[PDB]
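Residue numbers (the deposited numbering), protein chains in the order written: chain A, 2500 to 2547; chain B, 2452 to 2547; chain C, 1347 to 1365, 1402 to 1421, 1493 to 1559, 1645 to 1806, 1946 to 1998, 2015 to 2163; chain D, 2164 to 2259. Report on the structure given below.
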Ligand SMILES: CCCCCCCCCCCCCCCCC[C@@H](O)O[C@H](CO[C@H](O)CCCCCCCCCCCCCCC)COP(=O)(O)OCC[N+](C)(C)C
Ligand SMILES: CCCCCCCCCCCCCCCCC[C@@H](O)O[C@H](CO[C@H](O)CCCCCCCCCCCCCCC)COP(=O)(O)OCC[N+](C)(C)C
Ligand SMILES: CCCCCCCCCCCCCCCCC[C@@H](O)O[C@H](CO[C@H](O)CCCCCCCCCCCCCCC)COP(=O)(O)OCC[N+](C)(C)C
Ligand SMILES: CCCCCCCCCCCCCCCCC[C@@H](O)O[C@H](CO[C@H](O)CCCCCCCCCCCCCCC)COP(=O)(O)OCC[N+](C)(C)C
Ligand SMILES: CCCCCCCCCCCCCCCCC[C@@H](O)O[C@H](CO[C@H](O)CCCCCCCCCCCCCCC)COP(=O)(O)OCC[N+](C)(C)C
Ligand SMILES: CCCCCCCCCCCCCCCCC[C@@H](O)O[C@H](CO[C@H](O)CCCCCCCCCCCCCCC)COP(=O)(O)OCC[N+](C)(C)C
Ligand SMILES: CCCCCCCC/C=C\CCCCCCCC(=O)O[C@H](COC(=O)CCCCCCC/C=C/CCCCCCCC)COP(=O)(O)OCCN
């Protein structure tokens, strides 16, 4: 879950520093990740 | 001094347990709105629902006019749409 | 660095896709997630007894060394001062001739330094280090208390007020929470002088009133006014009891001890004119507090924990069965104050926190020591619940004052339990989640007082995803 | 439901990247927070409110005393009710 954890942390950090546009884009990416299971399999695959 | 006999059962396990039980039950019920919301994110973040709405209306209309075979086929199509998320992404994509 | 990296990656996505708010939110495609360049029993009994003995010795020695770690700064300081003292006292005793040479016998100021030694000092040093069963522990504890004399004094004042709740015993803790704990790291000498003078005057005044010739004390008025909280002497603290002094000699002794330690170590038409002489002093005090350069720290977790313990205390008092009509009111106000405190922490406004703190201390003290005995019994005759609640609240006040003095640091957002992915962190996180209504309020208020584009539902989704992933 | 939300979003576009309105945030969040705190607190209020018995003084309206020997006959029997039952005055209480 490294990539997803990093993405959530990125949302928190951008929300902290006041650059809302990035927050909207990151949120869109996260929602799409949870919207498609196959991309979730691809994204959470064990790194090599 | 005397007071009306409305003592009943007093606190210190008497009625406190009911209060704890009600607060825990309500807490679980409220957590229901917060706990597993993400799971139902593939069925509620749809950008455009025009095709699905039209399909449901078609099912209603065919069911109205008595041609059952079409109703069965349309229902099969709808079930398959809800059975595959990727086709749902394809189908609810914002039209251009 | 993190911000620059994120901006660069988002620009790369824009350039790659190059090849209304809802539309940006509902704008995601597969290309975002493509990998961007990987982006026989006697021996056993003896063994057990030796095991327990060595474990006890290890625990006590660890405690001693940890306490010594607390005392590190003052211990090294006393070491260097005492070495200089022995060196100086010789030349002082014989005649007393030169100041520069005697100091320079052994880079003017260095926190830690090493020079020539003297046999007597280390002789005594390892003589004392020789004995360590209990005496080293006691010496370490006393050394810690001496190093933290200021806290001891503050604590004594609070305990004294907890007993003998009276306006005379009340005026000093208010000064502690509003004047002593906010000036500068070292509270001004004037404050110590006013504390010492006030306690001396109070003990003498109580002694003078104590005499039975005064009408208040007739053995009849006292007997009938035995537990009435609003007897005038009792409210003013001048009422006569066998234990007329209840933690007043200790308070005075502590104040003097702190003063001595500090002295041995450190530095120590008419209406308009009157108000223009008075008010500017206060304005200057507040301004110098608001604007200054200080090291920042975050203690919000401890403040909140104190408030939670306080709520538990109130509920226990409610269960222990008048006073419940006051316990409920304090409970609701406690909830309100916790919410405001959470908002102040999120918004990071020092001025707001300072104003809230002043209002809170004034109101809690007035309500607890006047209105509460007016609607119920004496605060200190009973209500150990009330006294314990007040003590915890005082701890909360101290933490808030410290937070105000240090000032808010940047990067406050993020739960404190998700700093390390440890087994203990997981247990604590699950336990915190388990408690009813905390994640609820935590998410809602964070949404309210953190500026963002997302709707409440969207924020709820982000929070849930983050918790599950953690 | 989703279609209604989408039409509403179309009708009132929101600027690209912007602070959520303070007024709406305050109203919705205050409403929810007040609701949750009320759930936490009001049961305690009701529990402490029903058990608000107040002592009412009951004072004996009649006293009867009988002196009886063996099982033969009450040698003496006297009952005093209204004028011979003197409630304590504060001065008398002080004397006691
Ligand atoms: C029950 C109600 C009682 C009310 C009492 C009100 C009193 C409030 C204020 C308390 C006293 C005022 C203290 C303010 C002091 C400020 C100035 C102070 O810093 O000067 C100090 C100096 O202070 C003086 O030394 C002592 C001042 C004593 C003042 C007594 C006031 C008595 C008031 C009595 C009021 C009674 C009211 C009764 C009503 C019923 C500096 O000391 P320092 O120079 O470092 O000491 C060196 C010691 N050496 C010389 C041995 C080395
Ligand atoms: C956890 C396990 C249990 C124990 C927990 C701790 C228990 C603590 C118990 C209470 C300890 C009391 C300590 C008393 C310290 C007295 C300090 C006093 O002597 O200071 C002098 C007096 O200060 C003023 O008087 C303020 C009032 C203090 C009054 C204390 C009276 C204590 C009397 C002890 C008598 C012992 C007699 C033993 C038989 C003869 C002035 O300072 P000075 O000595 O110049 O040098 C200071 C720097 N030093 C200490 C590092 C050298
Ligand atoms: C019978 C009962 C009798 C009770 C008697 C009680 C008497 C109480 C008297 C209280 C007097 C308070 C005096 C405060 C003196 C402050 C001195 C002044 O200098 O302080 C400055 C600022 O003062 C502070 O602002 C004090 C703020 C205290 C605010 C308390 C508010 C309490 C409100 C209580 C309301 C009660 C309402 C009750 C129902 C109506 C900071 O100065 P400082 O940094 O040291 O520097 C001194 C040395 N220099 C000048 C050379 C550098
Ligand atoms: C029945 C239930 C009752 C349980 C009660 C529990 C209540 C828990 C409340 C949470 C406690 C918070 C403790 C905070 C510790 C202070 C941390 C620090 O950041 O604050 C200091 C300043 O903030 C305030 O001064 C601290 C508030 C006062 C805290 C007193 C609490 C007393 C604890 C009693 C423990 C009893 C243990 C008993 C075990 C059997 C800053 O350091 P400072 O002291 O400026 O000088 C630096 C010196 N150093 C570097 C060597 C350390
Ligand atoms: C049932 C019990 C609760 C009843 C409701 C009462 C308790 C509600 C408390 C809510 C928190 C109040 C926070 C007060 C403001 C703290 C933060 C402060 O900054 O707010 C400022 C002002 O806020 C605005 O006034 C908005 C309204 C604030 C009060 C909210 C009232 C609406 C009700 C919200 C509370 C609902 C509680 C419900 C409980 C059930 C924002 O300006 P800011 O950008 O920092 O300016 C910085 C200024 N500096 C430079 C000095 C730092
Ligand atoms: C003590 C007195 C308290 C006051 C009196 C009681 C008040 C009613 C009780 C509290 C009511 C809470 C209402 C919550 C409404 C949620 C509406 C929902 O849409 O909001 C979403 C967030 O809602 C979340 O689901 C909240 C989760 C918690 C909900 C459960 C707690 C409240 C239960 C209330 C039960 C009331 C029963 C009353 C019986 C008489 C975010 O908005 P969003 O959907 O993005 O907007 C879409 C686009 N728009 C703007 C064009 C529409
Ligand atoms: C009779 C029993 C009642 C329940 C008792 C439960 C006892 C549990 C004892 C310990 C719990 C301590 C853990 C929770 C502490 C969190 C500390 C903290 O960090 O504070 C905030 C506090 O969380 C909030 O902001 C939301 C809570 C504040 C609003 C309070 C609402 C009213 C209080 C409700 C209490 C519960 C009511 C029923 C009892 C259940 C729990 C007490 C959350 O973290 P952040 O601020 O993100 O961390 C930042 C790190 N720099």
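We put the CB at the ideal spot given by N, CA and C, even for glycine.
Excluding the 5 residues flanking it on each side, residue 1523 of chain C has same chain C-beta neighbours closer than 7 Å at 1682, in chain order. Looking at the DSSP output, residue 2231 of chain D bridges to D:2237. Shown in chain order are the members of the stretch 2525-2539 of chain A whose Cβ falls below 7 Å from a Cβ of chain B: 2530, 2533, 2534, 2535, 2536 and 2537.
Residue pairing from DSSP places residue 2242 of chain D in a beta bridge opposite D:2227. Contact of residue 1404 of chain C with chain D is assigned, a C-beta pair being separated by under 8 Å.
About 6 Å separates the Cβ atoms of residue 2522 of chain A and residue 2510 of chain A, confirming a contact at the 8 Å cut-off. Look at residue 2453 of chain B here: in three-state DSSP terms it is strand. Here the distance from the Cβ of residue 2135 of chain C to the nearest heavy atom of ligand 7 is below 7 Å.
No Cβ of chain D is located within less than 8 Å of the beta carbon of residue 1711 of chain C. Here residue 1952 of chain C is exposed. Its C-beta has fewer than 16 other C-beta atoms within 10 Å.
Look at the beta carbons and you see the stretch 1786-1797 of chain C touching the stretch 1691-1699 of chain C: at least three pairs across the two are nearer than 8 Å. Listed along the chain, the chain D residues whose CB falls inside 8 Å of the CB of residue 2519 of chain A are 2180, 2181 and 2182.
With the criterion CB distance below 7 Å from any heavy atom of ligand 2, the matching residues run C:1531, C:1676, C:1679, C:1680, C:1683, C:1684, C:1791, C:1794, C:1795, C:1798, C:1799 and C:1802 along the chain. Residues of the same chain with a CB within less than 8 Å of the CB of residue 1762 of chain C, apart from the 5 flanking positions on each side, do not exist. Taking a cut-off of 8 Å for Cβ pairs, the stretch 2079-2096 of chain C and the stretch 1712-1727 of chain C touch, as three or more such pairs fall below it. Under the 8 Å criterion on CB atoms, residue 2126 of chain C is classed as non-interfacial with respect to chain A. The DSSP-derived three-state label of residue 1712 of chain C is helix. Contact of residue 2516 of chain A with chain C is assigned, a C-beta pair being separated by under 8 Å. Taken in chain order, the unbroken stretches of alpha helix (DSSP H) that lie wholly in the stretch 2067-2134 of chain C and span 4 residues or more are 2077-2099 and 2116-2127.
Comparing alpha carbon positions, the residue from C:2128, C:1541, C:2028 and C:2136 closest to residue 2474 of chain B is C:2128.
Under the three-pair Cβ rule at 8 Å, the stretch 2206-2220 of chain D counts as touching the stretch 2461-2479 of chain B. Contact fails between the stretch 2099-2111 of chain C and the stretch 2068-2087 of chain C, because fewer than three Cβ pairs, one in each stretch, are under 8 Å apart.
Restricting attention to C:2047, C:2039, C:1989 and C:1997, the CA atom closest to the CA of residue 2027 of chain C is found in C:1989. Annotation for residue 2087 of chain C: 1696 place their beta carbon closer than 6 Å to its own, counting only its chain and skipping 5 residues before and after. Among the residues of chain A, those whose CB is under 8 Å from the CB of residue 2496 of chain B are 2530 and 2534, following chain order.
Counting along the chain, residue 1363 of chain C sits inside the alpha helix (DSSP H) bounded by residues 1348-1364. A buried status is given to residue 2050 of chain C, since no fewer than 16 other beta-carbon atoms sit within 10 Å of its beta-carbon. Nearest to residue 2541 of chain B by C-alpha distance, out of B:2467, B:2453 and B:2503, is B:2503. For residue 2513 of chain A, the secondary structure class from DSSP, reduced to helix, strand or coil, is helix. Residues of the same chain with a CB within less than 6 Å of the CB of residue 1735 of chain C, apart from the 5 flanking positions on each side, do not exist. Annotated as proximal: residue 2078 of chain C and residue 1993 of chain C, with beta-carbon spacing under 8 Å.
Closer than 8 Å to the CB of residue 2492 of chain B there is at least one CB belonging to chain A. The beta carbons of residue 2527 of chain A and residue 2137 of chain C sit about 23 Å from each other, so the pair does not count as a contact at 8 Å. Between the stretch 2176-2186 of chain D and the stretch 2527-2537 of chain A there are fewer than three inter-stretch CB-CB distances shorter than 8 Å, so the stretches are not counted as touching. A residue is called buried once 16 or more other Cβ atoms fall within 10 Å of its Cβ, and residue 2543 of chain B is buried on that count.
Residue 1753 of chain C has a beta carbon lying at 8 Å or more from every beta carbon in chain D.
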